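For the single chain, residues carry numbers from 1 onward in sequence order. These values consider heavy atoms only, across backbone and side chains, with no hydrogens, waters or symmetry-generated copies.
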Amino acid sequence: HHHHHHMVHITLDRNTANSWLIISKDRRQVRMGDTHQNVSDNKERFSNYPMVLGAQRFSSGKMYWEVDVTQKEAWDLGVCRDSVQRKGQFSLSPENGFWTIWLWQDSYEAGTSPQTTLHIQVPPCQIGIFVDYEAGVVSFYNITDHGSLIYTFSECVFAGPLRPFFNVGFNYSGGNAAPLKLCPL
Ligand SMILES: OCc1cn(-c2ccc(Cl)cc2)nn1
């Protein structure tokens, strides 16, 4: 792909984070804490899952960023509507305002309803995410495998501003403590 030139500098929004997340001072890394991180509750925080949004909102144009997932067992990445549900249980689907892929139990899947099996020969250490607002496209790239395509959502009905979306996943196993990191341009 040749999307690298639409690179944008993404930072995480502390106020949206689940209360167990630890966001780095530069707002470029997030990981699961071993306890509640001593923050007040608010209507923006994801309550049920270890999720956080980017601060940036996109309503036009072409945007590209990269996320490091090295040595994680589970995570979700992509974009979502600014107005997604924050509280209670929900599925990651375009009907609920999410355009995402994930790793879970040694398989990669796209957040369609129902979910779609992905075919990845080279487990990614870094994922590239490309959004074309006008075209209604979200695409995912395997940076470890020379930028190979993972998945394209097309005919997307965004229906509002978009925010970068992150889930560091649960760490029930003790093997999923590693952070998500926004990679430099
Ligand atoms: O480290 C064990 C661990 C804790 N969590 C967890 C689950 C749900 C929420 Cl809302 C917050 C944290 N996941 N794994």
K.L.:
Taking side chain to side chain donor-acceptor pair (under 3.5 Å) as the test, write out the residues that go with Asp145, two or more places apart.
P.N.:
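Side chain to side chain donor-acceptor pair (under 3.5 Å) check on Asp145 returns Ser148.
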
K.L.:
What ring-ring contact (aromatic ring centres under 6.0 Å, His included) pairs are there with at least one residue in residues 19-63, not counting sequence neighbours?
P.N.:
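ring-ring contact (aromatic ring centres under 6.0 Å, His included) check on residues 19-63 returns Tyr49-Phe90.
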
K.L.:
So, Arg86 side chain and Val84 main chain: donor-acceptor pair closer than 3.5 Å or not?
P.N.:
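The answer is yes, because a donor-acceptor pair under 3.5 Å joins these two groups.
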
K.L.:
What pairs of residues pass the side-chain hydrogen bond (donor to acceptor under 3.5 Å, both in side chains) test when at least one of them lies in residues 96-120, not counting sequence neighbours?
P.N.:
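Matches after skipping sequence neighbours: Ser91-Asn96, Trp102-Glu109, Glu109-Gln115, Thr112-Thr116.
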
K.L.:
For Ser24, enumerate each residue passing the side chain to side chain donor-acceptor pair (under 3.5 Å) test, keeping only those at least two apart in sequence or located in another chain.
P.N.:
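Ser24 satisfies side chain to side chain donor-acceptor pair (under 3.5 Å) with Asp26 only.
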
K.L.:
Under 3.5 Å, is there a donor-acceptor pair between the side chain of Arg28 and the main chain of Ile23?
P.N.:
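Not at all, since once roles are kept as given, no pair shorter than 3.5 Å links the two residues.
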
K.L.:
Return the set of residues passing ring pair (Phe, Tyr, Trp, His ring centres under 6.0 Å) with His1 (not counting sequence neighbours), or none when no residue passes.
P.N.:
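Per chain and number, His1 pairs via ring pair (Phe, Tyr, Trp, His ring centres under 6.0 Å) with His3, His4, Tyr64, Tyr141.
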
K.L.:
I need the minimum non-hydrogen distance between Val8 and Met63, along with the two atoms involved.
P.N.:
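So the minimum-distance heavy-atom pair works out to CG1-CG, 4.1 Å.
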
K.L.:
Scan for salt bridge (charged side-chain N to carboxylate O under 4.0 Å, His left out) pairs involving residues 5-14, sequence neighbours excluded, and state none if there are none.
P.N.:
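Sorted pair list: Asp13-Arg163.
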
K.L.:
Looking only at atom types and distance, does a side-chain atom of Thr144 sit under 3.5 Å from a main-chain N or O of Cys125, one as donor and one as acceptor?
P.N.:
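At least one qualifying donor-acceptor pair exists.
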
K.L.:
Considering all heavy atoms of both residues, which atom of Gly169 and which atom of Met32 are nearest to each other, and what is their separation?
P.N.:
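Nearest pair, atom of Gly169 first, then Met32: O-CE, 3.4 Å.
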
K.L.:
Can you list every pair that meets salt bridge (charged side-chain N to carboxylate O under 4.0 Å, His left out) and has a residue in residues 33-44, with sequence neighbours left out?
P.N.:
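Residue pairs passing salt bridge (charged side-chain N to carboxylate O under 4.0 Å, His left out), neighbours aside: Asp41-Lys87.
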
K.L.:
Kindly say whether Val122 contributes a backbone atom to a donor-acceptor pair with the side chain of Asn142 at under 3.5 angstrom?
P.N.:
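Pair found, side chain donor or acceptor close to backbone of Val122.
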
K.L.:
Restricting to side chain to side chain donor-acceptor pair (under 3.5 Å), what partner residues turn up for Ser173, sequence neighbours left out?
P.N.:
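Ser173 satisfies side chain to side chain donor-acceptor pair (under 3.5 Å) with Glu73 only.
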
K.L.:
If you group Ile, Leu, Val, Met, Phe, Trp and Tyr by side-chain heavy-atom gaps below 4.5 Å, do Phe165 and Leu77 land in one group?
P.N.:
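Per the 4.5 Å side-chain linkage, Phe165 and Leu77 are not co-clustered.
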
K.L.:
Suppose the criterion is side-chain hydrogen bond (donor to acceptor under 3.5 Å, both in side chains): which pairs have a residue in residues 174-183, not counting sequence neighbours?
P.N.:
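Pairs touching residues 174-183 that pass the test: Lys72-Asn176.
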
K.L.:
Looking at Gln121, I want to see if its CD is surrounded by more than 12 non-hydrogen atoms of other residues, nucleotides or ligands under 6.0 Å.
P.N.:
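Check fails, neighbour count at 12 or below.
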
K.L.:
Please list every donor-acceptor pair under 3.5 Å in which a side-chain atom of residues 126-140 meets a protein atom from a residue at least two apart or in another chain.
P.N.:
{"residue": "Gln126", "atom": "NE2", "partner": "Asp68", "partner atom": "OD2", "Å": "2.9"}
{"residue": "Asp132", "atom": "OD1", "partner": "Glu134", "partner atom": "N", "Å": "3.3"}
{"residue": "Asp132", "atom": "OD1", "partner": "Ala135", "partner atom": "N", "Å": "3.1"}
{"residue": "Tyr133", "atom": "OH", "partner": "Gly160", "partner atom": "O", "Å": "2.8"}
{"residue": "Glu134", "atom": "OE1", "partner": "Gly61", "partner atom": "N", "Å": "2.8"}
{"residue": "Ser139", "atom": "OG", "partner": "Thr152", "partner atom": "OG1", "Å": "2.8"}

K.L.:
Could you check whether atom NE2 of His146 has more than 12 heavy atoms from other residues, nucleotides or ligands sitting under 6.0 Å from it?
P.N.:
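Result for NE2/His146: open.
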
